[PDB]
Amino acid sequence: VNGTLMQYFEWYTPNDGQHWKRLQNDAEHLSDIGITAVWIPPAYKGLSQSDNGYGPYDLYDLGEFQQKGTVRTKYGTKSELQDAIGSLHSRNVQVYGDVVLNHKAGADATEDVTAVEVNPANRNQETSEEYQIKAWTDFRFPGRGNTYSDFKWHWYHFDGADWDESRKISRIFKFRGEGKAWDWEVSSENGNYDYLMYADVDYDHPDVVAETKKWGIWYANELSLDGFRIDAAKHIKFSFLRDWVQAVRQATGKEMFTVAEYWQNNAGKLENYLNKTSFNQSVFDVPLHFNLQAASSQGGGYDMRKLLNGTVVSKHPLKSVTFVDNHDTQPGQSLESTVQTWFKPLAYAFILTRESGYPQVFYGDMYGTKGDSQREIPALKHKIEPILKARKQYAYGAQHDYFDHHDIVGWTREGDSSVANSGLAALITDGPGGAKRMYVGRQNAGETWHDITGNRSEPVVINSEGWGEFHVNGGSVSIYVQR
């Protein structure tokens, strides 16, 4: 069976403490539509109750300790999350946990630290003489005590921070101490992009590295996770991320599928990350996201023959996680670059019915986003489900590509003898509709095939040679399968 990942959250999921219950109630439905793995949001306590999880305070508080004025996280309590994972698991759906290791936010108090300012466009350059600041680096975990881990954090466990409480100014401060320096290797944008926001963890510190490995093993075992999504990978020492993943696999004996968020629209740089991590993890195909978005926004003028150009999936198909949109690219967000609604079903056809890549479905696209703009994503589940059924039941066997026209492009899947009635013919167009003759296999000769999306009502008959003439409406998608 073809695997399909589901991102189970959007930026504006409500702070009602019921997200784990929602997941538990949706488990049967997700298993019935073909989802094989769910990516859940950061499950540990944030700087406040309403933080989405990307400003993590305590990685060992999964919503059971009274800290930051709340027991539960935004999403719910620990026992509610364990019950949700339990329902997914009894329906053979895997669970991937979001892992936020770059920084820590919401310290309990400030400490005095000697620091220097650096050039925001070249963090290897120091731009001030050293002086004293009051930084938020003291993490004590008053509501947890020593439960699970007695480690406490201090300034010397971080490389730098962005706020001096003394002067009430925001700069990029690098701390002075024993062997203090920005980690390497990281992205070389801005000279060295180790530093991002909040208090930046120092992955040169031996105790920090050992503790974070231990935490990783604990987390996987405490929730029985099947894999991980690594946040902000380009800002974290690459060799450390390689070793951390390996240590968790060594201790659990599990495969621990892992996908890293390496946010850069450049295949060469993504390839550098795969090599530096010994190919032990996949990456999200950022470039493909931008190609799809570009196509959706040029009103038919995009050359559809170029959709694969510069993508990770054309070079390292087995290590790519393909996606249409996510919580960062949705409207109003930091990396906003939404795939226009009219093209969204065409983009889902492209990632769900092609043989390469591991495709992700966005929660926001299935159910609608609840942000406050006038351009929110509408609920598209009634248009996506038919394509997911095409992936689950027909997308098997040899593939043939027809990237031969600036608007109308298609592909076919011959089917596999072990999946009864499998096989399909897909066509998409960023402009006027039309036709294309394509080969689906001589073993399907004589069959009556129909558009499972319902966009076209006229069936097509496969000729005695295994070729059919397929049609597609303007700015639309058609996916033909056995009637």
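We number the residues from 1 along the sequence you see.
For the segment pair 54 to 62 and 33 to 41, the entry gives 33 to 41 the higher mean B-factor, averaged over Cα atoms.
Note on 5 to 13 vs 467 to 475: mean CA B-factor is higher in 467 to 475.
Across the residues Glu336, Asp108, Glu117, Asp207, the deposited record lists the maximum Cα B factor for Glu336.
Within the group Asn190, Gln246, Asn291, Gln330, the record's highest C-alpha temperature factor is found at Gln246.
In this PDB entry, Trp155 carries a Cα temperature factor that places it within the lowest third of its chain's modelled residues. Sort the modelled residues of the chain by CA B factor and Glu80 lands in the middle third.
In this PDB entry, the Cα temperature factor of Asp226 sits in the bottom third of its chain's modelled residues, the lowest group. Sort the modelled residues of the chain by CA B factor and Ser418 lands in the highest third. Among the modelled residues of its chain, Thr70 has a C-alpha B-factor that falls in the middle third, as given in the PDB entry.
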